[PDB]
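Asker: Sequence, then the experimental structure. Questions to follow.
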There are 2 protein chains.
Amino acid sequence: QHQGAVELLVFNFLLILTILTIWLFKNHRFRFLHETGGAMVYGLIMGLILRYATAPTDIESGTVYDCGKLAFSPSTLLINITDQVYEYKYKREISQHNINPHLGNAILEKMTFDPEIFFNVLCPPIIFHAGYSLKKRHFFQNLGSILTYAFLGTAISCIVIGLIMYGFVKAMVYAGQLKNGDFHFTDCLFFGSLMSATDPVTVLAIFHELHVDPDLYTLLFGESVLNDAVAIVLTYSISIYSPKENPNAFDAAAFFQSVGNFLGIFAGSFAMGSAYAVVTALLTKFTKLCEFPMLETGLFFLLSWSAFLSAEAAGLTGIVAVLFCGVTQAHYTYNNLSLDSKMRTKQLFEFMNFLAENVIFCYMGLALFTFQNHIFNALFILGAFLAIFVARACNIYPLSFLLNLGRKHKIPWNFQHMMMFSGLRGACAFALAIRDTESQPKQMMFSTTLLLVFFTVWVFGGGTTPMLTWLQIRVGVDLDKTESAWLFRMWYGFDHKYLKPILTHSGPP
Amino acid sequence: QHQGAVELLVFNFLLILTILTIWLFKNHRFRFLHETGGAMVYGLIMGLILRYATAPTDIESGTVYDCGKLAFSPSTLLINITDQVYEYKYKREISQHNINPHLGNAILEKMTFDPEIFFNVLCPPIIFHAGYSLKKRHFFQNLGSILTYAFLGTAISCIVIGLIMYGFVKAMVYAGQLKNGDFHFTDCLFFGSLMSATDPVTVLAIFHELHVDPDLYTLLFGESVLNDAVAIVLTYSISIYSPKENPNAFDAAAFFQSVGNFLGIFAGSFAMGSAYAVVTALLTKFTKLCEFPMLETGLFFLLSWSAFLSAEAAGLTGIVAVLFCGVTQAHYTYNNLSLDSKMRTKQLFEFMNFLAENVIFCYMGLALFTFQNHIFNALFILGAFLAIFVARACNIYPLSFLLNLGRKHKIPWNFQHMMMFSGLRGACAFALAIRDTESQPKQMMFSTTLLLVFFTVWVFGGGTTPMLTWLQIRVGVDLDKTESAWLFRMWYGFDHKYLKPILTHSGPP
Ligand SMILES: CCCCCCCC(=O)OC[C@H](COP(=O)(O)O[C@@H]1[C@H](O)[C@H](OP(=O)(O)O)[C@@H](O)[C@H](OP(=O)(O)O)[C@H]1O)OC(=O)CCCCCCC
Ligand SMILES: CCCCCCCC(=O)OC[C@H](COP(=O)(O)O[C@@H]1[C@H](O)[C@H](OP(=O)(O)O)[C@@H](O)[C@H](OP(=O)(O)O)[C@H]1O)OC(=O)CCCCCCC
């Protein structure tokens, strides 16, 4: 063996060093850096010292076999060698024979990760922890505004970024950096939808540490949680778009079917999550499992995982279903578990989320491991840099004014600048970029997104505190009907009238 | 996709049903069955209803390719298809072309697991939980007796089982069930070493529930923890045995080198575990990480995993190293962590152990998934049945009398019958049997071990309570120097003199 052990030990060493440096920084109260940034810089340093360590080496070239009567490449095959059947699995396709001698040199360790690892084992824990960790205080007086933000602003920013990137591509055509025709408006819309998920983890951590006003914290948290799933489903729907004839056409009667597919996927995921949540709530309520914390904790975890797996197997998106199942569980089941099971579940899920996010950011810090990188054409980077800023500018202020028109007697003025500053890009955009490879435009967007994350995360983590002090934002604040469109009051009355007495309020806690 | 999702959902459903039935049984206090037995019977039922559901189907035969100039089958290869390099990984070798049409029928879902999964991800959590969960009360007055038991009795039982199985094979040669010459004394010794690890999880659970005398509980726990690692290393050393000439020779000057390899492996694993434990203890003591439970918990978990990975990568055995690291950590570091981190680590590790053992037993309950089963030749099964009983008989009473000669003023008489009754076989024997396949003798021992586990676990789980009542064993007992060879007193004085003031006793807890 001794292949996975080395990389796992390297990851453990990097994580331990990151934790030690974070403790050292927090002991002196230097701040100006989060554990995510430390993991990123440690990954970058590790990659830099690994690439330029044993570069002079031998050149390894794979064997070439002329397999006649084979016009297709199946994933699975059975090869007859020495009259014996051997199961051969197609792993990946390599079309870089020209650069193969360069790939042989400085090979070291590939240390690559499967692109679905960020989807089936890494993201769902973080998403479920975010959904479960709901304050249940506030977040209802501003639920409507959060909804309009996370829904309309995502599409607005996607459209703006797509249009600006299409304009920059058209300008490049005049500049003639490369061939014209490869790029399309569909790719620009894909990039715009991808560059719309915001995960200001460092900003939220600073807000929690400094005890900022809970309204801004709740707004930012709700937006950052919802827009991730919104952008994921929107990106999937955009990738679904494929006209039968005249590729990259405009209004080919598939807009309606794409919208229908998006709505159906969202509704199905929400329904599955809610159904599983009420199923486990009823199971906990009817039974008397409060005397065995291990059994109920295992049932809770297994039911959550089964909800995720059933959402994935049905053809829908498991991330949004996990989010909705988690929020519904925290709403209903949390009032039925024993006093010990609540602590067990909360601590376990928060530890899993911490470990997953640290591993994600540490792997994201590795930028030298991708051999087919396309970090060039600085005009593209400048265009993306301007596009993200202008999209964030047009996202907040118009919608903020529209909400302030019919404001719920609580005008949120001077807080829009904080939302402007908080524009970090999390793991969702990186995973969506790494999902698709072996394509020059796709590699271009992946490299630009990596550079944008590398810049913006560090710069805003450094500048959060001075920006907070300059805006005179209140700090140190202790946490301890008709205005809400009259619909949320009716929903609350319906919840407290029928669902509460049956799903909870009875049974030994 | 939709391949792993189905099997994962099936596993989740089976586990949920097992937990529900366990709660139903415990509500009425019927007992007579543990969660492990429930998982086993549910797996057996699932396999039975899956095998005989859609048996009539089509016959699938793999393609045959005449790859000339290929006298070897590498694990990795690069195939040139359509002038493109495809990475093909050799997964498994199939030499069952004669039964291939039968394999095509009733294929359903393979649901198989990689044999190393029981080794690198499943066992280490259980082993670390067992090592960490040390009472620290008693277990020292009887440490010497536990050592002599787990060391001498394992080898004695292995030798007895090997000799008896060799005699039964020789009798079969006269009976002529199959060809003579395939079996060897090395295989008999391998089987004897494999059938020596005892994991009486149900007996220990019943003892904990009924509050039995702590002396017998501590003795059984220590024996069951130590003999597993002892048998693992002994089996590896036996598999190492390979004479240069005259295969299956007797006393080929390799006995000394095998003993040296065994001793070196044990010493290296113990040294690695202890070194990592003192490293993390010193790190916790010197720093002031008591104010951040998440950071210290992550450091603890990462250091334990790194200890396991470094033990595995060095060429030694990671299970015994994990065990020793866990016991040393529970001895030293547990007195330095904050009051919250202790609860976090304990609860997380016990939950991981519970989930891992439940999954292990549920997978063990699947006996119809292995197509190349050799459940026949009932004389072999009868021989193994007699051999395990006589080995357990000769394991306890002679060593018990020898210990009672120089007894530490505490004669353990009438408790030997309880140790005789507790003779369950856990996951270690099953994993060691499943490690090696594609061999008629190996399949024979695997099938016999599976049958032995299936019988003994259920029968002893059923009969534990009447056997306890018949022996008049005290129940309901509340837990709350020179005699110890004078060496353990010196060790305790040395620990309390030098190591304790430096490794602990200082720093904010
Ligand atoms: C919503 C609930 C909370 C979020 C989810 C929490 C669960 C969580 O994050 O960890 C999942 C892990 C591992 O489970 P997980 O890693 O997610 O399982 C992966 C899937 O089977 C995936 O298939 P698809 O997803 O269908 O494409 C496969 O390709 C991966 O193989 P690869 O890694 O070699 O690439 C598997 O690793 O499983 C446990 O830890 C408990 C069971 C361990 C013992 C049984 C093992 C079979
Ligand atoms: C002593 C300490 C306590 C006992 C050990 C506790 C740790 C524990 O049991 O789970 C281990 C899991 C998974 O880690 P784990 O499953 O053990 O990792 C396996 C090894 O890499 C194995 O290689 P070798 O062992 O060298 O042969 C490989 O073949 C398996 O691939 P396969 O599954 O497709 O067959 C991997 O799954 O990792 C975490 O849960 C935290 C990190 C997750 C995020 C990073 C993922 C890279």
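Answerer: Right, received. Where do you want to start? Residues are numbered from 1 along each chain as shown, chains lettered A, B, ... in the order given. Ligands and ions are numbered 1, 2, ... in the order given.
Asker: got a list of what the residue nearest to residue A:438 when sequence neighbours are not counted touches?
Answerer: In space, residue A:438 comes closest to residue A:95 once its chain neighbours are excluded; the distance is 7.0 Å by C-beta to C-beta, 6 or more residues apart in numbering or on different chains. Just so you know, the C-beta spots here come from the backbone N, C-alpha and C atoms, and that holds for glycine as well. Residue A:95 sits next to A:438, B:84-85 when contact means C-beta atoms under 8 Å, 6 or more residues apart in numbering or on different chains.
Asker: Give me the buried subset of these.
Answerer: Neighbour counting with 16 or more other C-beta atoms under 10 Å in any protein chain shown marks residue B:85 as buried within the contacts of residue A:95.
Asker: could I get the contacts of residue A:95 as CSV with secondary structure?
Answerer: Output for the contacts of residue A:95, formatted as CSV (DSSP: H, G, I helix; E, B strand; the rest coil):
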residue, secondary structure
A:438, coil
B:84, strand
B:85, strand
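Asker: what about stretch A:446-459, distance to the chain center?
Answerer: 15 Å (C-alpha atoms, centre = their mean, to the nearest Å).
Asker: Dump the C-alpha coordinates for that stretch into PDB.
Answerer: Taking Å, rounded to 0.1, in the frame of the first residue of the first chain, the C-alpha atoms of stretch A:446-459 are listed here in PDB:
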ATOM      1  CA  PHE A 446     -12.400  27.700 -13.000                       C
ATOM      2  CA  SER A 447      -9.000  29.500 -12.900                       C
ATOM      3  CA  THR A 448     -10.800  32.900 -12.700                       C
ATOM      4  CA  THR A 449     -13.000  31.700  -9.900                       C
ATOM      5  CA  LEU A 450     -10.000  30.300  -8.000                       C
ATOM      6  CA  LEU A 451      -8.200  33.600  -8.300                       C
ATOM      7  CA  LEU A 452     -11.300  35.600  -7.400                       C
ATOM      8  CA  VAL A 453     -11.800  33.500  -4.200                       C
ATOM      9  CA  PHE A 454      -8.100  33.700  -3.300                       C
ATOM     10  CA  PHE A 455      -8.200  37.500  -3.600                       C
ATOM     11  CA  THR A 456     -11.600  38.400  -2.100                       C
ATOM     12  CA  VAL A 457     -11.500  36.000   0.900                       C
ATOM     13  CA  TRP A 458      -8.200  37.200   2.200                       C
ATOM     14  CA  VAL A 459      -8.800  40.900   1.500                       C
END
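Asker: Show me which positions of that stretch end up buried.
Answerer: In stretch A:446-459, counting by 16+ other C-beta under 10 Å, buried: A:446-450, A:452-454, A:456-458.
Asker: May I see those residues organised as TSV, with distance to residue A:420 and secondary structure added?
Answerer: Output for the buried residues of stretch A:446-459, formatted as TSV (distance: C-beta to C-beta, whole Å; DSSP: H, G, I helix; E, B strand; the rest coil):
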residue	distance to residue A:420	secondary structure
A:446	26	helix
A:447	26	helix
A:448	21	helix
A:449	20	helix
A:450	23	helix
A:452	16	helix
A:453	18	helix
A:454	20	helix
A:456	13	helix
A:457	16	helix
A:458	18	helix
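Asker: Name the nearest of the residues you listed relative to ligand 1.
Answerer: In terms of C-beta to the nearest ligand atom, no member of these lies closer to ligand 1 than residue A:446, at 20.6 Å.
Asker: to the chain's geometric centre, what's the distance from the helix or strand harbouring residue A:329?
Answerer: Taking DSSP states H and E as the criterion, residue A:329 maps to helix A:318-332. Relative to its parent chain, helix A:318-332 has a centroid offset of 16 Å by C-alpha atoms, centre = their mean.
Asker: cool, and stretch A:122-136?
Answerer: 12 Å.
Asker: Ok, stretch A:359-373 next?
Answerer: Centroid separation between stretch A:359-373 and its chain, computed with C-alpha atoms, centre = their mean, is 16 Å.
Asker: can you tell me the distance between the two ends of that stretch?
Answerer: Start to finish, the residues bounding stretch A:359-373 are 22 Å apart (C-alpha to C-alpha, to the nearest Å).
Asker: What is the burial count for the residue in the stretch 351-500 of chain A positioned nearest to ligand 2?
Answerer: For the stretch 351-500 of chain A and ligand 2, the shortest gap (C-beta to the nearest ligand atom) falls at residue A:359, measuring 4.7 Å. Per other C-beta atoms under 10 Å in any protein chain shown, the neighbour tally for residue A:359 reads 18.
Asker: Same question for the one 5 residues further on.
Answerer: Counted with other C-beta under 10 Å, the neighbours of residue A:364 add up to 23.
Asker: near ligand 2, which residues of the stretch 401-509 of chain A?
Answerer: Within the stretch 401-509 of chain A, no position lies close to ligand 2 (C-beta under 6 Å from any ligand atom).
Asker: Could I get the full set of helices for the stretch 401-509 of chain A?
Answerer: Here the stretch 401-509 of chain A has its helices, by DSSP state H, counting those that start in this stretch, at A:416-421, A:427-435, A:440-470, A:487-494, A:500-503.
Asker: Which one, of those, ends up nearest to residue B:44?
Answerer: Minimum separation from residue B:44 across these (C-beta to C-beta) falls at helix A:500-503, 36.0 Å.
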